[PDB]
Amino acid sequence: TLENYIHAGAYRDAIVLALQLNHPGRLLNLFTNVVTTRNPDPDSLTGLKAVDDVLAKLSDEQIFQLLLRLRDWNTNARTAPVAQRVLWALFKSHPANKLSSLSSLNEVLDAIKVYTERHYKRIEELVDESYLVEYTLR
Amino acid sequence: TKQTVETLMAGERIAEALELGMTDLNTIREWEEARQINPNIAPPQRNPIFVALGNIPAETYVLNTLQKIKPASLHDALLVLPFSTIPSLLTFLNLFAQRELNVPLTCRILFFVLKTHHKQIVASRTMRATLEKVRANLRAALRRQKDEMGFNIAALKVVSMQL
Amino acid sequence: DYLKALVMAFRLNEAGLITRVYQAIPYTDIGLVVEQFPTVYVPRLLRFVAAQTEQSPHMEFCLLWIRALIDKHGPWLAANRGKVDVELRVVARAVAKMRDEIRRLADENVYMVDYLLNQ
Amino acid sequence: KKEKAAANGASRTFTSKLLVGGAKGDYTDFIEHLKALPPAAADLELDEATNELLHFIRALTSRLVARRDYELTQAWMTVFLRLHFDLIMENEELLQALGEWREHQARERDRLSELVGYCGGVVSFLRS
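Protein chains in written order, with the deposited numbering: chain B, 744 to 846, 855 to 889; chain A, 769 to 931; chain D, 729 to 847; chain C, 900 to 911, 923 to 956, 965 to 1046.
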């Protein structure tokens, strides 16, 4: 299965390198490009199964680093949604117990929780407004 | 006085952007229907601006010029448009929904449009059809991005309880 | 039919009667009724279905009433505003209280269910 | 009033009738029992397809398929899943029970949220 290591290890090595980088990072842009791929096949967490997969094999200190950046991507409305979707793939592919443990977690987790709640209120309000369409039509 | 210079400027940018984008969409669907006749030999020849930009989809050229306008001027600028532009706009709005491109923005602008064009939109069956499209897609988009944060906030509450 | 009775019950101003005939009508007829209903009694009617939303466990019914109301008499409320802006403002309050009470609890629960259903 | 005690619970022969509900189809008596006592923190915190939790969840599921008591259903369901969520994640039966509950719960949530959503929104628009 050496060919398999070669094909699969590509994006793994790519992302991992991104996370190692404490630079602003095209990590955002890698995720972003891969979560809105105009062809969403197959139907799963990121649309590219490979992304769920490399998400699963994740190094734990790097899971932490990923959250540390995620909380930063939640401050801007623009970068927010992609953050929400990787957060979603992350939480769905990992049971809570591995995640409860550490490898300073709670403060980051609370920034995440707070800002996620904010955008929740925002989007709900937008559904309420969005019904305007429903009336205008009929 | 000056407000109308702003408004007018921000009007022309969206109007012509929408012209280019709409023509582009129409050529590509033409090429679609043309290739489904004979798959071999059929070039797109798109407007040079897109290929100049790094060969981008119409949707995003439109979306960008939009996203670029000042929040405040966005209102009067929307209002100042000729109606001839409107259907195209809905056709793009649909697309913004279909790919979940900047939902709160595509919303805000969609409301601004509907608030000022009720009767006009509900008149022509074509515009109403595109409006049903954006209805569906924008509703589906909001749904998904809602449920996502819900699950997210459930898991966050559960690990916060677990700690 | 029912309409007739409701217009008389308002014509008499007798609150209890209005209520009896109000809860009397079946949910399928509400459209028909609100459609044929006199506009002058529409603001008053709103005040009523507002106060009913926030003082009697009949959610689906009252919300349906407001729904078919704004549906059939929306432009009217729009253009008029004036005193109706008070009526409106108690309807909004009324759905708001109804919103944040039935939403906040519901989806939260189901979201947790979802997480549990996924392990 | 009752909706004041409902918001009080979430801040803070019984099992007989509830288990008798398993024999029957209407947990109605039990529902009234619950509607009675104000310190449900004492009561709710309390083998083989005849343990109380499966049947309680089944009772909320039963109430959902009615057209009444959404409010106390949700109120009871949140304090249920406030402390029992770690214990029921271990068993399998109440998982399938929650899987059935989520169905009805979903349908009705959709219905009601479209209604209060539509109304809340359009009214917020009209007052502009």
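Heads up, the beta-carbon is just placed ideally off N, CA and C, and yes, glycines get one too.
Check	Outcome
Interface flag, residue 835 of chain B vs chain D, CB-CB below 7 angstroms	yes
Cβ-Cβ separation, residue 885 of chain B to residue 1036 of chain C (assumed contact under 8 angstroms), whole Å	6 angstroms
Spatial distance of residue 762 of chain B from residue 965 of chain C (CA atoms)	50 angstroms
Buried versus exposed call for residue 836 of chain A [16 or more other C-beta atoms within 10 Å across all chains shown]	exposed
Where residue 774 of chain A falls: helix, strand or coil (DSSP)	helix
Residue 804 of chain B, enclosing alpha helix (DSSP H) - first and last residue	803 to 816
Pick from A/895, A/849, A/831 that is closest to residue 775 of chain A, judged by C-alpha positions	A/849
Listed by chain order, chain D residues near residue 716 of chain A by CB distance under 7 angstroms	There is simply no residue 716 of chain A to check, as chain A begins at 769 and stops at 931 in what is shown.
Integer Cβ distance of residue 779 of chain A from residue 845 of chain A, believed to fall under 8 angstroms	5 angstroms
Residues near residue 893 of chain B in its chain [Cβ-Cβ closer than 8 angstroms; skip 5 each side]	In the structure as shown, chain B starts at 744 and stops at 889, and residue 893 of chain B therefore has no counterpart that could be examined.
Contacts around residue 954 of chain C, its chain only, beta-carbon distance under 7 angstroms, and the 5 residues preceding and following it disregarded	997, 998
Segment contact, 8 angstroms Cβ cut-off, at least three pairs: the stretch 1029 to 1046 of chain C with the stretch 764 to 780 of chain D	no
Nearest to residue 994 of chain C (by Cα), restricted to the options C/975, C/985, C/1012	C/975
Buried/exposed call for residue 792 of chain A, threshold 16 Cβ in 10 Å	buried
Within chain A, the residues that residue 827 of chain B reaches when beta carbons sit closer than 9 angstroms	913, 916, 917, 920
Residues of the stretch 860 to 872 of chain B whose Cβ lies closer than 8 angstroms to any Cβ of chain A, in chain order	860, 861, 863, 864, 867, 868, 870, 871
Residue 846 of chain D at chain B interface by Cβ criterion, 7 angstroms	yes
Residue 843 of chain D vs residue 927 of chain A beta-carbon contact at 7 angstroms	no
Neighbour-count burial assignment, residue 820 of chain D, 16 or more Cβ in a 10 Å radius	buried
Beta-carbon gap between residue 733 of chain D and residue 745 of chain D smaller than 7 angstroms	no
Short-range partners of chain D found in the stretch 801 to 827 of chain B, where Cβ spacing is below 7 angstroms	none
Nearest-angstrom Cα separation, counted from residue 778 of chain B out to residue 1032 of chain C	29 angstroms
Rounded separation between residue 804 of chain A and residue 827 of chain A - CA only	23 angstroms
Alpha helix (DSSP H) runs contained entirely in the stretch 827 to 892 of chain A, provided each spans 4 or more residues	841 to 848, 854 to 866, 871 to 891
Residues that residue 848 of chain A contacts on chain D, provided the C-beta gap is smaller than 7 angstroms	Here the premise fails: no neighbours, minimum Cβ distance about 23 angstroms.
DSSP state of residue 1008 of chain C mapped onto helix, strand, coil	coil
Three-state class that DSSP yields for residue 825 of chain B in the structure shown	helix
Residue 893 of chain A at chain B interface by Cβ criterion, 7 angstroms	no
Spatial neighbours of residue 801 of chain D in its chain, beta-carbon cut-off 6 angstroms, leaving aside the 5 residues before and after	770
Reference residue 909 of chain A; option with closest CA among B/860, B/824, B/782	B/824
Proximal residues, the stretch 824 to 840 of chain D versus chain A, C-beta separation under 7 angstroms	835, 839, 840
Within chain A, the residues that residue 839 of chain B reaches when beta carbons sit closer than 8 angstroms	923, 926, 927, 930
Of the residues D/803, D/741, D/832, the one placed nearest residue 775 of chain D, counting alpha carbons only	D/741
For residue 801 of chain A and residue 1034 of chain C, the rounded distance between their alpha carbons	44 angstroms
Simplified DSSP assignment, three categories, for residue 985 of chain C	coil
Limits of the alpha helix (DSSP H) - the one that residue 751 of chain D falls within	743 to 752
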